[PDB]
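Visitor: Below are the structure tokens for one structure; questions will follow.
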Amino acid sequence: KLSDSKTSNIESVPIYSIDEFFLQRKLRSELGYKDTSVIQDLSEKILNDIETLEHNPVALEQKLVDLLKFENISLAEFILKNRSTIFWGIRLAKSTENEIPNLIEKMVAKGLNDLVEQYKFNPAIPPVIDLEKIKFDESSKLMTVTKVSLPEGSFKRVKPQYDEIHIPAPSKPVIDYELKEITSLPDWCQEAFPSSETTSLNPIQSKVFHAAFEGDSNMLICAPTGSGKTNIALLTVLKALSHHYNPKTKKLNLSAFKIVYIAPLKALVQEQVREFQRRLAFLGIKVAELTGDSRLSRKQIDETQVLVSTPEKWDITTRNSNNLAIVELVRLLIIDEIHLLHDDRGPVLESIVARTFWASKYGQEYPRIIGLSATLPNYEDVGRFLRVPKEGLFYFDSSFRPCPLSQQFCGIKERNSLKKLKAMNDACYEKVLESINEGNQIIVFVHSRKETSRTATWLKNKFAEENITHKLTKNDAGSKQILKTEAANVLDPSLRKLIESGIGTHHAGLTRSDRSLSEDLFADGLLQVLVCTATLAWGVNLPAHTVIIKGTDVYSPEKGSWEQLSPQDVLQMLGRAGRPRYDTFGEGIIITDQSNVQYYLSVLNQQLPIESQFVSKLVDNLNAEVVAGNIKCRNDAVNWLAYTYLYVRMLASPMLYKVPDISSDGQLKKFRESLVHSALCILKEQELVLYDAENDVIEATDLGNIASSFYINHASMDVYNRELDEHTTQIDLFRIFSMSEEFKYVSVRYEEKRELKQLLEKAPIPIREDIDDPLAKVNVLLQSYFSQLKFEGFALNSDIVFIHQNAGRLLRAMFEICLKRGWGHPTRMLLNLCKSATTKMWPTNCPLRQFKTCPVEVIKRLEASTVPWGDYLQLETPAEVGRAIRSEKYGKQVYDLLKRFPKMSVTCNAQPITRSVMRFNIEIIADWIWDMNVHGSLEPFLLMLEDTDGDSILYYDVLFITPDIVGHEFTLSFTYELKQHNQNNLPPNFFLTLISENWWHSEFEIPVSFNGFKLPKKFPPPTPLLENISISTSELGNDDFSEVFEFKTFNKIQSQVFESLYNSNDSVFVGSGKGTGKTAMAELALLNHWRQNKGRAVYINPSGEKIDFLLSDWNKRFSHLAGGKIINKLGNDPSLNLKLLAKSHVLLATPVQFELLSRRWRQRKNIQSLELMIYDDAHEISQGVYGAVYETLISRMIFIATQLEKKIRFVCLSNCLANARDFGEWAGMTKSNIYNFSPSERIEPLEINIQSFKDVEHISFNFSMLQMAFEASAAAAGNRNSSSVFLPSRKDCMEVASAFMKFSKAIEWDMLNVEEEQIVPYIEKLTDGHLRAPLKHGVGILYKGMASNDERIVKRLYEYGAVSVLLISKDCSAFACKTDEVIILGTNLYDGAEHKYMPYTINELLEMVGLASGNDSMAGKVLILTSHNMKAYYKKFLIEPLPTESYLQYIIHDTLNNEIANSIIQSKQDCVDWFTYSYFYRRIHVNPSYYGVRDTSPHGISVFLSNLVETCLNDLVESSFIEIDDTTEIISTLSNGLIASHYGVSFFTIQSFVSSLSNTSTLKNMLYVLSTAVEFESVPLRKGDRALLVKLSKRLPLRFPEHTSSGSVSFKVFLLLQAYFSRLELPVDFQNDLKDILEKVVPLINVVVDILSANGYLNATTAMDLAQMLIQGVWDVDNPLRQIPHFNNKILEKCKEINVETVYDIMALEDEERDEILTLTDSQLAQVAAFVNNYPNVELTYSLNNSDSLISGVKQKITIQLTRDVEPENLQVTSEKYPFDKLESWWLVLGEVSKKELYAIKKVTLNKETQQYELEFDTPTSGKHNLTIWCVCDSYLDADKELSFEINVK
């Protein structure tokens, strides 16, 4: 443990780590005595002083101060704290014969504490090699053979200034194959080849056709200059497309299919993207240039199938693990210009090909490997490299060129400098005039940039001197016209004069339009000569008859000098020689020095060998692989090297690669080992990787990851690692930058010295380096680039270009390094430096400059204003903007930009979970207009939490701002384990900074917590268990009880609490780990409660599944043994539930369900009749709102026990907690029996594994985790321990199932875990097809919404051992299929609420973990796969349970309003009085920091409560929920709040409804209003489901209002309720979402209608009509028979024929009629009977006490009699669509239709066959009125009855 100072972990030492050599190591290392003997004697003396000193630690401290020479006191302190521990620890390790005495001696010497503490816990020889010796010393000339061979017909002609060595054009070849005609091809590809001039493939393209199109073999095609690579590629592309094209379907699967094209330069890449885009458009395939210049633009790249890119972008892409997801998809790889293997880039291509054939692993399929090459020797070896058989290995010579190319080599002989300029110029003019005089055009390549125009001038003047006739025109009447007319120049450069002489200049730097209009002139035959830069050879396809190369000797900043033109450039340039259709032959001519002669010949006549340059970067490519985890020992690298070109070429030729001994090693194993070690130890010593040389183990480090993933050379990384201090400031960073390997050879030429010094003098950032020093040059040029200066010299320009080219990735690497080390200012500065690096601007410049569309004149007025830029942002009007910039015109413009500038507003706070842990909660709003044109698809932001100083970085993350989160402010939270320094001494404040990754002066930072906080006191100890092999079924009084538990023995931890449960009648708490058996504990309390004949018993549990099981379980074991009725509860019908409570001895309910009853304990007598209440899984009283309600419940029951004096017994069952004391005192527990055990108290052994993976914290999971998981799973299955895997969702289960099939079907372990024969019948149980083929291969699946039969089958099959691999959706944690081993794949799940990925929490994960119990002696095994940001937290809180805090603070309005409603709380004081019974109140005192308490003092807490309540009460009266009768004052409930409390709806939902519902609102509007309820926030919102909702919105008529976000759940609800009304077929997800939605509707629509009916708005009758639709699952507009169960369209249709519409006609239907209509099965028929024979029929009889004599405005009473045809046995409503219970309730309504006024209304339950109700109403205005009485049912349709009558008013 490395640190600048002593920590408590470093200080204390355990015995087992104190080995036989510990002390001397520690002394020697700590003190610094390299010599052995010194420490050898010293340690002896120290231990002797420890031994013989029978005094004290002080005397030893003195003696140690003496021996350790008064310094290194921390060492003395190490010795002091571990005096006896080390002193005896060093002894025990020497021998057992010494040990046996030493334990006794140590025990007798009172050392027993340390002993209990103790009990409580390759034959390698490395050969060094010189990498310099291995790399080729011959420099630019890789000529391995001086002997060149020319074809006959060639000849040498000597001339005064040069030798002309020329070779004639090659003869046409005689192929013995007939070419494929364009029409001879298959049908689906005819447009892959244009209506060509020849309509046939050429010989090269024809011979290869077989394997290239009909076969799928890997291959290497080596062909001469310009072989039409496009078509050759297209053939193979078309072949790859084959096995994805559907058989009969004339369409093509553009999924699970990708192709890639690798080309040397980006230009050619773009050219091929163009040539492959429109060319393959007809197939519908999309092509793309791989935006490798963006790592964010690799997520959206997936929509394209054809990728064209550079080797480096591809290498980075494939190397970075995050992209491994889509690598498997590729099945075709075309490498263009493979012959670069000899070039410096080769190692990359080699690395890629190596990568392909290396980590195939599970894949077993290698993509189509196809290489396109030039004709050069060693094509043989490239074959063995690329795995090419002879069936694909092809080789063509110059003869098969589409246009034969003649050669002429000009060898200049000059000794003079300038005279060579005329040597080239005269030799050029010789050939310019030679060619042009022969009636054809020419093209010329130059060595530099502007040189093209300098050469153009010389040639123009040389002809003006003489001819100017051959280049003038081919016809002055029809050519010089355009030359003088349109071809005459409009463009602006000097070309105005040049172009008129018939010459061209394609300079890489001219305006695009100029270039276009320029090359179009050479194309159309006007210009007779085109001079150009190299770029033309790579980009635009513009052929010419003769090509001439001038210069050849080119400058290379990488080497800081000059080198000969590379072979590839020459070949590519000659790639533009000739015109196939027009010319019979082409021609190439070269101008070079006689020193070169043979080299360019060896290039252009098949002599240049292809040798590997891999060694040069071997160390880098090795590092990359080690990072990938593909190398862990030497032999991995040894095997890795076998897939390289180097290897093959070494095998083929050991004498050229300098291998000493192939004689012994012939396979080159030993050599590979040596080389591998030789590189690996360099990586070791440079701190890239960690390597144990002897024992063979390799582990990549942060630096290695940064090195590989950011594509940096190891040397630079070393420099950065070693030079970069934590104290580094701006000035040093530039020097650190300069020292990079990339600037190794930056020569400070004296020619440049003057011009440089001019800059160096006046640089804005100090440079300590002298003018004659590379570092200074680099620094200057970079700082110059940041000011975008201009230079005249080519030498300077090329250099600064190179610099600013690499500066980006270098600086990014530096930043990442600084961030990983946690150094503030370095990263802070470096980010802005990277920004300046990319944006060409200093932080002193105004960001308006950064916009591509901005006011030019405005900015310079701001840069020179001295005014803070941030002050312009708050100018909220174009006027002030116009003022600020001194312009009306540009004000209106820039105003829009200010409003479009990335800016945010943030706020946050601190929350101490526990002493050592601080939680940070932040809330952020993004405030700008997302102008896509500039912002792009995404704006990243660096989030950084740092210390007081701004030095050390505490926490960091990256926030990704997308378009649809702007304006939509949101929250985020994270964990920081508090610094041990700060933990003891409170610091003032931290700083939370947020800065844009690429926008200037967006930075905004703020402080955190500060205002003072009290950290919770460190947790007290748990209560361990004393020895028990005790308790039995016979300790139970009744023998009948003994037959319940069966297992005579009681579980270990379970037996302990027995006495205080089975016997004692006291309030009791049991916190026991989940999986230990609390379920069985609960039963004892009941058995005691029962045997003593107490009374009604209430079992509470939020876990629905467990309730559902327990009901089905208990009445099979308990009901008939003592006369008890057990029954559960559906909260959806409180009225039913009340009766269920009254009608049962014991019941099961969720917290909210029972709370819904208890919230009127005042009236409901059967509440206080209770005596026993069991509170299972109580730990969830902190689980949000439902938990807050759960808290409120038990709080109430306490309050009831108090207020009604009669005591109630509380039996709380929970999992492991923190300080149970609060929970105990809260529930009035006897402090004696509030048991609380720790997690590590499990009755069985559990072994939890946890693994961290990088770059997954913002996604579900990745490939490595999947592989890991399946490895662990199969490995577990191999040992008869079946495995259960938890996944985020069903989708993932399916995908992972497929993954299981491919994974298994490619290895040894791959079985069903059972016979392949006996299992077949169960495949016939496909009630869900999805599970067919997966389970068929031995993988079980489980998901929410699964059919009952499926779940039965699969789970039972799993238990039978039919499958050891179980896949479970997180949702189904409830389905507790306990197993031998559990796996957790990913801990993140996306949520559209917070608009990001959300992590698993302790409870879910724990509930998952609980499912572990190895067969008897076997340990239960758990594997958790997660991210780096979470591992610490999980391992922290899974062993040390998280503190249970109160969520109650969020539901204050609801509970307060409810308590006010029952007139329990009447005064302000009574609120606080009530609060005293809550966990919140007892918990806010022990951690006032967590709950936002302003003052830590108890006084402050009381103040907090007072202020809280006051604000709440004001909030309540604000929206008319309560009324405060002033004076003590007294408070009373009002309508809205009374409704809220009555039905149990959130305050804000009510508020929303009130201010949204109107007298003009309609059915649609009421639906929309309904969908906005707060209660729907718990409804899922899966990633991308919106797309599905849009698809549904086109099937449904009602339109969601466009003036609200469709990324909200209200949208989903609004649509799905319609889908429910329309009985529309839905997905498996939406139906569960639908069920969840429907669960919460019944007591909501009642609130709607009750709101409406209170204001006298007759519209209430609408909301009712809505209520019916919700219960029968149909629009109230359809045939009254559709609501009947199973009445399909056939029956519905038949009913027309018999003239039947109403339900009444169906029950009145004769039997002989049913037989011909009801074709349904018996069950369905039974349901039909169940619906029909309960369909109510009522008769309405109004009886007004006096039908005329009413006083105006007097409250006249009317009596309404409701009668029923029969006595109803059961008001249980039936509906095949509504999946709950419900009463048949009726609305009585009295209102005036003409005035839309409802006079009276009454909600009733029509139980008796006849009854009557009294209503009273306000007599309306004087005159006469038409009153109408409705009687409607809220559960059925078309059974509604109405009456109307006239009234007269005085």
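Along the chain as shown, the residues are counted starting at 1.
Technique stated in the header: X-ray crystallography, 4.2 Å.
Backbone N, Cα and C atoms are what each Cβ position is placed from, and that goes for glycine too.
Swiss-Prot lists these features:
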- 210-394: domain 'Helicase ATP-binding 1' (DOMAIN)
- 223-230, 1072-1079: ATP binding site (BINDING)
- 336-339: motif 'DEIH box' (MOTIF)
- 700-1010: domain 'SEC63 1' (DOMAIN)
- 1059-1235: domain 'Helicase ATP-binding 2' (DOMAIN)
- 1176-1179: motif 'DDAH box' (MOTIF)
- 1533-1847: domain 'SEC63 2' (DOMAIN)
Visitor: Give the one range among 210-394, 700-1010, 1533-1847 whose Cβ atoms make the most pairs under 8 Å with those of the domain 'Helicase ATP-binding 2' (1059-1235).
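Guide: Answer, by Cβ pair count: 1533-1847.
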Visitor: Note down the number of other Cβ atoms within 10 Å of the Cβ of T225 (ATP binding site), including every protein chain shown.
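Guide: Taking all protein chains shown, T225 (ATP binding site) has 23 Cβ neighbours within 10 Å.
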Visitor: In sequence order, which same-chain residues at least six apart have a C-beta under 8 angstroms from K1078 (ATP binding site)?
Guide: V1070, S1072, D1176, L1213, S1214, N1215
Visitor: Please give me the CB contact count at 10 A for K1074 (ATP binding site), counting all chains in the structure.
Guide: 21
Visitor: Per DSSP, how many helix, strand and coil residues does the motif 'DEIH box' (336-339) have?
Guide: 2 helix, 1 strand, 1 coil
Visitor: Could you find out if DSSP has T1076 (ATP binding site) as helix, strand or coil?
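Guide: The residue in question, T1076 (ATP binding site), is coil (DSSP, three-state).
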Visitor: Sequence gap of 6 or more, Cβ distance under 8 Å: name the residues on the same chain that satisfy this around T1076 (ATP binding site), in order along the sequence.
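Guide: Same-chain residues close to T1076 (ATP binding site) (Cβ under 8 Å, separated by 6 or more) are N1051, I1053, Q1054, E1241, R1242, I1243.
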Visitor: Against which stretches of its own chain does the motif 'DEIH box' (336-339) lie, if we need a Cβ under 8 Å and a gap of at least six residues from its ends?
Guide: 220, 229, 261-264, 268, 272, 349, 371-374, 376, 382, 386, 567-568, 610
Visitor: Please list, in sequence order, the residues in the chain of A223 (ATP binding site) that are at least six apart in sequence and whose C-beta is under 8 Å away from its C-beta.
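Guide: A223 (ATP binding site) has long-range Cβ partners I204, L372, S373, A374, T375, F394, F396, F400.
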Visitor: Counting every protein chain present, what is the number of Cβ atoms, excluding its own, within 10 Å of the Cβ of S227 (ATP binding site)?
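Guide: That number is 25.
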Visitor: Since the record lists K229, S1072 as binding-site residues, which of them has the fewest other Cβ atoms within 10 Å of its Cβ?
Guide: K229
Visitor: Work out the three-state DSSP category of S227 (ATP binding site).
Guide: coil
Visitor: Within the motif 'DDAH box' (1176-1179), how many residues are helix, strand or coil going by DSSP?
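Guide: Its residues divide into 2 helix, 0 strand, 2 coil.
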